[PDB]
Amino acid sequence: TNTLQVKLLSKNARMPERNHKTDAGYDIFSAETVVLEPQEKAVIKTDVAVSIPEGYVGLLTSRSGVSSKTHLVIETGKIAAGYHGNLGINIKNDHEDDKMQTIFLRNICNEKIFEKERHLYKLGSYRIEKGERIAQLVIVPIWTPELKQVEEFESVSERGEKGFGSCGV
C-alpha cells in the first residue's frame, strides 16, 4: 500500500507537509511554545500521531536551517512501526552557560526577537514558537532477520576486524 495514516491529537497540531516530489521527507511542526535556556533539555510535543507499517522505520530528524544557524541540537528519533503515541522532538540547547545576560531572545534562525516589554534573559536562550517548522520525518525500509549465534562467520571479508577509528589517511 501507498498510504500513511496521521492522527492530530489537538487543535495545536499541524499537518506534516511534503511539497515537491523531489523532497526527502515530511515537515514537522511544533505544537508548543517553549523557551530553552543554555544547556537545557526538553521533549517538544508535536501532538501528531503516525501509523508506520511493518518493514519501515521513521527518522524524526533535524533540518539544515535550524541546526546550522542555532545551537539547538535535535537527536534523531527512531520511530518504530506500531508506535501510535505523540511524536516528541528530542532537543537540547547546546549553547554554553557563560553566566551572561541579555535582553534579546533568539529565534530558530538565530535572529534577535524584539519585544515591547523588556525582560532579562540568559545569553544563548532560544524560543520555539507554536506552529514553527523545526523538524522533518524521513521514512526508510528496514531489514529485520532472525538472529543466529555463531563462533565464526561463514564469509570472511576483506575489511575484517578493521577498521574502527581511522583519521588522517
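Each residue number is its position in the shown sequence, starting from 1.
As the entry records it, the average C-alpha temperature factor is higher for 114 to 122, out of 128 to 136 and 114 to 122. When the mean C-alpha temperature factors of 151 to 159 and 18 to 26 are read from the deposited coordinates, 151 to 159 comes out higher. Sort the modelled residues of the chain by CA B factor and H84 lands in the middle third. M100: CA B factor lies in the highest third for its chain, per the PDB record.
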